[PDB]
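When the count follows the authors' numbering, it moves up by one through the first sequence with no breaks and lands on 684 for the last residue. Where a beta carbon is used, it is the ideal one built from N, C-alpha and C, also for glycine. In what follows, a single structure is set out as structure tokens and then discussed.
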Amino acid sequence: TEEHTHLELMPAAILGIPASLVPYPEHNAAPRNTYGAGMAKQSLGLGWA
RNA sequence: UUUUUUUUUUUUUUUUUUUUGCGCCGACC
């Protein structure tokens, strides 16, 4: 509106890198999202070539 | 013409059968 002084660029960018791995985080409970972000760093895969 | 020292015997071989501690960081239940 006219009263607004700034516009948000990306509301999904307020999360960290591990927290962005969770798909649809707004449909989950906050402790579940915290657990998912925590366990995202404990997974196994091709980390480095 | 002159005194105040004492005396005796009993103990054996060439030598022998496994890192503790200190502190930090991350993480699980």
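A check of alpha carbon separations from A648 across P660, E638, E637 identifies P660 as the nearest. Between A654 and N668, the beta carbon gap of about 7 Å places them in contact (Cβ cut-off 8 Å). Between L656 and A675, the C-beta gap is smaller than 8 Å, which places the two residues in contact. The three-state secondary structure of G680, taken from DSSP, is coil.
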